[PDB]
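S.K.: Pasting entry13.cif here (mmCIF, C-alpha atoms):
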```cif
data_structure
#
loop_
_atom_site.group_PDB
_atom_site.id
_atom_site.type_symbol
_atom_site.label_atom_id
_atom_site.label_comp_id
_atom_site.auth_asym_id
_atom_site.auth_seq_id
_atom_site.Cartn_x
_atom_site.Cartn_y
_atom_site.Cartn_z
ATOM 1 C CA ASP H 1 -34.297 116.843 71.053
ATOM 2 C CA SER H 2 -37.307 119.178 70.944
ATOM 3 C CA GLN H 3 -39.415 116.805 68.807
ATOM 4 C CA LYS H 4 -40.076 114.478 71.743
ATOM 5 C CA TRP H 5 -40.892 117.491 73.915
ATOM 6 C CA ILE H 6 -43.352 118.761 71.297
ATOM 7 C CA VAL H 7 -45.087 115.381 71.120
ATOM 8 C CA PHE H 8 -45.246 115.168 74.924
ATOM 9 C CA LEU H 9 -46.710 118.673 75.206
ATOM 10 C CA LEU H 10 -49.269 117.858 72.510
ATOM 11 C CA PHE H 11 -50.215 114.727 74.460
ATOM 12 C CA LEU H 12 -50.713 116.862 77.567
ATOM 13 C CA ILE H 13 -52.828 119.288 75.525
ATOM 14 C CA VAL H 14 -55.003 116.416 74.282
ATOM 15 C CA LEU H 15 -55.441 115.066 77.808
ATOM 16 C CA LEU H 16 -56.423 118.487 79.143
ATOM 17 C CA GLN H 17 -58.821 119.032 76.229
ATOM 18 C CA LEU H 18 -60.480 115.724 77.097
ATOM 19 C CA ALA H 19 -60.664 116.880 80.719
ATOM 20 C CA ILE H 20 -62.393 120.071 79.530
ATOM 21 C CA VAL H 21 -64.866 118.046 77.445
ATOM 22 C CA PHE H 22 -65.606 115.866 80.484
ATOM 23 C CA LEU H 23 -66.119 118.996 82.599
ATOM 24 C CA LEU H 24 -68.560 120.538 80.104
ATOM 25 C CA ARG H 25 -70.804 117.455 79.943
ATOM 26 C CA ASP I 1 -41.606 109.506 62.885
ATOM 27 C CA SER I 2 -42.351 112.553 65.045
ATOM 28 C CA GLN I 3 -44.329 114.234 62.259
ATOM 29 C CA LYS I 4 -46.847 111.374 62.200
ATOM 30 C CA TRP I 5 -47.425 111.692 65.950
ATOM 31 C CA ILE I 6 -47.732 115.482 65.722
ATOM 32 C CA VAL I 7 -50.305 115.253 62.918
ATOM 33 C CA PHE I 8 -52.204 112.514 64.768
ATOM 34 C CA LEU I 9 -52.333 114.507 67.999
ATOM 35 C CA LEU I 10 -53.447 117.576 66.042
ATOM 36 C CA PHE I 11 -56.262 115.449 64.612
ATOM 37 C CA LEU I 12 -57.259 114.492 68.148
ATOM 38 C CA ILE I 13 -57.079 118.145 69.229
ATOM 39 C CA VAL I 14 -59.342 119.268 66.388
ATOM 40 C CA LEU I 15 -61.849 116.525 67.236
ATOM 41 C CA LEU I 16 -61.870 117.565 70.899
ATOM 42 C CA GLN I 17 -62.249 121.244 69.967
ATOM 43 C CA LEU I 18 -65.206 120.292 67.776
ATOM 44 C CA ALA I 19 -66.678 118.460 70.762
ATOM 45 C CA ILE I 20 -66.188 121.565 72.913
ATOM 46 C CA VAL I 21 -67.811 123.835 70.319
ATOM 47 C CA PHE I 22 -70.765 121.467 69.836
ATOM 48 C CA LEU I 23 -71.221 121.328 73.611
ATOM 49 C CA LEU I 24 -71.227 125.132 73.894
ATOM 50 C CA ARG I 25 -73.743 125.576 71.061
ATOM 51 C CA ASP E 1 -45.422 117.194 53.210
ATOM 52 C CA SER E 2 -46.383 116.932 56.881
ATOM 53 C CA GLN E 3 -45.866 120.685 57.318
ATOM 54 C CA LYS E 4 -48.897 121.387 55.117
ATOM 55 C CA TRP E 5 -51.052 119.127 57.301
ATOM 56 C CA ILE E 6 -49.704 120.782 60.459
ATOM 57 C CA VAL E 7 -50.435 124.280 59.132
ATOM 58 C CA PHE E 8 -53.914 123.291 57.951
ATOM 59 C CA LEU E 9 -54.776 121.649 61.272
ATOM 60 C CA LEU E 10 -53.526 124.689 63.196
ATOM 61 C CA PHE E 11 -55.711 126.825 60.929
ATOM 62 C CA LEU E 12 -58.669 124.626 61.848
ATOM 63 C CA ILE E 13 -57.792 125.019 65.531
ATOM 64 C CA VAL E 14 -57.621 128.809 65.072
ATOM 65 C CA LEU E 15 -61.094 128.813 63.519
ATOM 66 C CA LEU E 16 -62.435 126.586 66.288
ATOM 67 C CA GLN E 17 -60.941 128.813 68.988
ATOM 68 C CA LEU E 18 -62.462 131.856 67.288
ATOM 69 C CA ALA E 19 -65.819 130.052 67.322
ATOM 70 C CA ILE E 20 -65.374 129.296 71.029
ATOM 71 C CA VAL E 21 -64.646 132.973 71.723
ATOM 72 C CA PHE E 22 -67.724 133.975 69.719
ATOM 73 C CA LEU E 23 -69.955 131.489 71.559
ATOM 74 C CA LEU E 24 -68.624 132.670 74.939
ATOM 75 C CA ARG E 25 -69.943 136.209 74.299
ATOM 76 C CA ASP T 1 -41.061 128.934 54.853
ATOM 77 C CA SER T 2 -44.151 127.080 56.069
ATOM 78 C CA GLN T 3 -42.701 126.989 59.601
ATOM 79 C CA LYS T 4 -43.199 130.759 59.860
ATOM 80 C CA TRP T 5 -46.943 130.147 59.536
ATOM 81 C CA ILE T 6 -46.927 127.439 62.236
ATOM 82 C CA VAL T 7 -45.590 129.861 64.842
ATOM 83 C CA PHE T 8 -47.898 132.544 63.438
ATOM 84 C CA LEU T 9 -50.858 130.270 64.061
ATOM 85 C CA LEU T 10 -49.601 128.911 67.386
ATOM 86 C CA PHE T 11 -49.263 132.274 69.124
ATOM 87 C CA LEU T 12 -52.683 133.232 67.757
ATOM 88 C CA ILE T 13 -54.109 130.156 69.470
ATOM 89 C CA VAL T 14 -52.411 131.240 72.683
ATOM 90 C CA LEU T 15 -53.935 134.708 72.426
ATOM 91 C CA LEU T 16 -57.402 133.313 71.792
ATOM 92 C CA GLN T 17 -57.023 130.836 74.626
ATOM 93 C CA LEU T 18 -56.060 133.686 76.947
ATOM 94 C CA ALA T 19 -59.209 135.512 75.857
ATOM 95 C CA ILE T 20 -61.148 132.310 76.546
ATOM 96 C CA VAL T 21 -59.813 132.301 80.110
ATOM 97 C CA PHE T 22 -60.968 135.862 80.694
ATOM 98 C CA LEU T 23 -64.283 134.959 79.053
ATOM 99 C CA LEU T 24 -64.872 132.404 81.833
ATOM 100 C CA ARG T 25 -63.744 134.275 84.965
ATOM 101 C CA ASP O 1 -34.103 128.161 66.837
ATOM 102 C CA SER O 2 -37.864 128.368 66.274
ATOM 103 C CA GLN O 3 -38.632 124.914 67.680
ATOM 104 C CA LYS O 4 -37.812 126.508 71.032
ATOM 105 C CA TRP O 5 -40.559 129.037 70.306
ATOM 106 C CA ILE O 6 -42.905 126.156 69.490
ATOM 107 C CA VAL O 7 -42.139 124.400 72.787
ATOM 108 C CA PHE O 8 -42.491 127.653 74.744
ATOM 109 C CA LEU O 9 -45.870 128.400 73.153
ATOM 110 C CA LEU O 10 -47.041 124.835 73.776
ATOM 111 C CA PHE O 11 -46.117 125.188 77.435
ATOM 112 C CA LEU O 12 -48.064 128.450 77.585
ATOM 113 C CA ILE O 13 -51.064 126.682 76.022
ATOM 114 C CA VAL O 14 -50.767 123.938 78.646
ATOM 115 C CA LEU O 15 -50.709 126.529 81.439
ATOM 116 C CA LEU O 16 -53.772 128.261 79.983
ATOM 117 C CA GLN O 17 -55.636 124.953 79.712
ATOM 118 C CA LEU O 18 -54.743 124.201 83.337
ATOM 119 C CA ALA O 19 -56.088 127.627 84.286
ATOM 120 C CA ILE O 20 -59.310 126.787 82.428
ATOM 121 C CA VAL O 21 -59.645 123.431 84.195
ATOM 122 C CA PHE O 22 -59.024 124.983 87.613
ATOM 123 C CA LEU O 23 -61.443 127.876 87.016
ATOM 124 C CA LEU O 24 -64.238 125.553 85.884
ATOM 125 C CA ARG O 25 -63.931 123.339 88.977
#
```
Please express the file's structure as structure tokens.

M.R.:
Amino acid sequence: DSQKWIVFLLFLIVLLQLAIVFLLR
Amino acid sequence: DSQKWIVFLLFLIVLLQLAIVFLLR
Amino acid sequence: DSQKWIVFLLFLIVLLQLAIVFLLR
Amino acid sequence: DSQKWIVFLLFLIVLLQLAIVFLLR
Amino acid sequence: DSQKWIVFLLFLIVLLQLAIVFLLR
């Protein structure tokens, strides 16, 4: 099922975006 | 279901992207 | 429909990424 | 359908993000 | 299917974000 994969990849994207925000400030 | 999680994570992504933009500016 | 929310949020992300590209120049 | 726009947006994001990478290094 | 395209593009976005995080460090 690709739905669970999509949600997992979105979660990774959110985590990395938060990492980028932390890096900027 | 999965759609709720996908929309919620997209909301989080947009908020983080706004944070990134506001930090750049 | 959740598809409308997904498309709209991706549109917002596209705008925000365009803004990031503009601010990085 | 609306799905065709999702992909259309998603790849766009990818392209912009690639530009972002080159805009940092 | 096109969900496979979605997953593939999400993985590319994750790789690009990881490249961003590694470049910034």

S.K.: Quick one, how far is CA of residue 9 (chain E) from CA of residue 11 (chain O)?

M.R.: 18.7 Å

S.K.: Would you kindly return, as an mmCIF file with C-alpha atoms, keeping the file's coordinate frame, each protein, DNA or RNA residue with an atom no farther than 9 Å from any atom of residue 2 (chain H), considering only C-alpha atoms and excluding same-chain residues fewer than 3 positions away?

M.R.:
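And here is the file that came out, part-v4.cif:
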```
data_model
loop_
_atom_site.group_PDB
_atom_site.id
_atom_site.type_symbol
_atom_site.label_atom_id
_atom_site.label_comp_id
_atom_site.auth_asym_id
_atom_site.auth_seq_id
_atom_site.Cartn_x
_atom_site.Cartn_y
_atom_site.Cartn_z
ATOM 1 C CA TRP H 5 -40.892 117.491 73.915
ATOM 2 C CA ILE H 6 -43.352 118.761 71.297
ATOM 3 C CA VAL H 7 -45.087 115.381 71.120
ATOM 4 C CA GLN O 3 -38.632 124.914 67.680
ATOM 5 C CA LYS O 4 -37.812 126.508 71.032
ATOM 6 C CA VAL O 7 -42.139 124.400 72.787
#
```

S.K.: Calculate how many Å separate CA of residue 25 (chain E) from CA of residue 24 (chain I), rounding to one decimal.

M.R.: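 Result for CA of residue 25 (chain E) versus CA of residue 24 (chain I): 11.2 Å, one decimal.
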
S.K.: Please compute the CA of residue 8 (chain H)-CA of residue 20 (chain H) distance, one decimal, in Å.

M.R.: 18.4 Å

S.K.: Would you give me, as a list in words, the residues of chain T that come within 7 Å of chain O, using all atoms listed in the file?

M.R.: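 Selected residues: residues 7, 10, 11, 14, 17, 18 and 21 of chain T.
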
S.K.: Could you write out chain E as a PDB file with C-alpha atoms, in the frame of the given file once it has been least-squares superposed on chain I using every ordered C-alpha pair?

M.R.:
```pdb
ATOM      1  CA  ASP E   1     -41.472 109.485  62.594  1.00  0.00           C
ATOM      2  CA  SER E   2     -42.403 112.214  65.076  1.00  0.00           C
ATOM      3  CA  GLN E   3     -44.332 114.071  62.361  1.00  0.00           C
ATOM      4  CA  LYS E   4     -46.942 111.296  62.277  1.00  0.00           C
ATOM      5  CA  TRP E   5     -47.453 111.613  66.040  1.00  0.00           C
ATOM      6  CA  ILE E   6     -47.694 115.407  65.754  1.00  0.00           C
ATOM      7  CA  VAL E   7     -50.287 115.194  62.968  1.00  0.00           C
ATOM      8  CA  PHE E   8     -52.308 112.553  64.817  1.00  0.00           C
ATOM      9  CA  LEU E   9     -52.284 114.541  68.060  1.00  0.00           C
ATOM     10  CA  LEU E  10     -53.337 117.708  66.225  1.00  0.00           C
ATOM     11  CA  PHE E  11     -56.153 115.680  64.667  1.00  0.00           C
ATOM     12  CA  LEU E  12     -57.217 114.630  68.159  1.00  0.00           C
ATOM     13  CA  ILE E  13     -57.104 118.270  69.267  1.00  0.00           C
ATOM     14  CA  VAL E  14     -59.246 119.239  66.254  1.00  0.00           C
ATOM     15  CA  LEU E  15     -61.836 116.621  67.208  1.00  0.00           C
ATOM     16  CA  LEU E  16     -61.781 117.755  70.833  1.00  0.00           C
ATOM     17  CA  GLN E  17     -62.215 121.402  69.840  1.00  0.00           C
ATOM     18  CA  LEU E  18     -65.116 120.420  67.586  1.00  0.00           C
ATOM     19  CA  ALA E  19     -66.654 118.594  70.557  1.00  0.00           C
ATOM     20  CA  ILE E  20     -66.181 121.701  72.710  1.00  0.00           C
ATOM     21  CA  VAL E  21     -67.921 123.832  70.072  1.00  0.00           C
ATOM     22  CA  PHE E  22     -70.770 121.313  69.895  1.00  0.00           C
ATOM     23  CA  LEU E  23     -71.170 121.228  73.687  1.00  0.00           C
ATOM     24  CA  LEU E  24     -71.155 125.044  73.857  1.00  0.00           C
ATOM     25  CA  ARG E  25     -74.298 125.222  71.674  1.00  0.00           C
TER      26      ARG E  25
END
```

S.K.: Find the axis-aligned box for region 8-21 of chain E, covering all its listed atoms and adding 5 Å on each side, and write its centre and edge lengths in Å to one decimal as lines of an AutoDock Vina configuration file.

M.R.:
```
center_x = -59.7
center_y = 127.3
center_z = 64.8
size_x = 22.3
size_y = 21.3
size_z = 23.8
```
